[PDB]
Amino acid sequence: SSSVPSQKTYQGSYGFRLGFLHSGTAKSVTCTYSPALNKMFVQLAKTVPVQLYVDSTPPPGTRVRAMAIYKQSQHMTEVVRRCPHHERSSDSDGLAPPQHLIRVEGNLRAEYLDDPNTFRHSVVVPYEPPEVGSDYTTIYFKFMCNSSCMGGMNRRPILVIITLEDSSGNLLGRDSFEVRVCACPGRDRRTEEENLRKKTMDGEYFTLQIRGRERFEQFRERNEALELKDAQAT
């Protein structure tokens, strides 16, 4: 009964931004990101890899926090949590509170929090600089409830806020992305990307023919990306 956490995309001072691995679309992928909608479509309880990129490595003692909130204005004040059924569904990982939606894996330094005032749920981990001969970091998340579970998110879309903060809890950078947990991310991704391209499709669009869906896949990606760089100028 306090307030909603900030979601303003703060690039930061270290050039903090997130990156996602490219996936297919056929019903087989337990996870697939949409650059066009900035939406991660994933299946229930399946590890989702998320990359962290930085210009200059932050100072030791920096951490990364993850939190979910309802993307719809009227529901934004409601604490996002697991439904009654899955709340009872005991998972092997006893390190993460059974009521939490977002979990981190492969990191024993992960700390799960329940704000003493806002009652919001979140998870935190230290910030590891890229590996010797690498270029980014990666944290593996898992979502323990479907977006449709009654008594839970009940068909309401959520947003995952990833904040880069220091030992105090000061803001050093913030990124975010919408998430949809569902049984068929491939199918569901297509449908939304289509309704997106079901409007604003008129004007001066030059047609181009491509051979193979694989090649077509690449060209579409690289092109829907350039339709964002220009969109950002708004």
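Counting begins at 1, following the sequence as shown.
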The stretch whose C-alpha atoms carry the larger average B-factor in the entry, 147-155 or 160-168, is 160-168
Of 87-95 vs 119-127, the stretch with the larger average CA B-factor in the entry is 87-95
Taking the Cα B-factors listed in the entry, which of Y33, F206, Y70, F177 comes out highest?
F206
For the listed residues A110, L101, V79, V132, which one has the largest C-alpha B-factor as given in the deposited model?
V132
Among the modelled residues of its chain, the C-alpha B-factor of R65 falls in the third labelled lowest
Which third, lowest, middle or highest, does the C-alpha temperature factor of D202 belong to within its own chain?
highest
Ordered by C-alpha B-factor within the chain, which third holds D188? Give me lowest, middle or highest, please.
lowest
Relative to the other modelled residues in the chain, which third contains the C-alpha temperature factor of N38: lowest, middle or highest?
middle
Tertile call for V181 (CA temperature factor, within chain, third-based) is the lowest
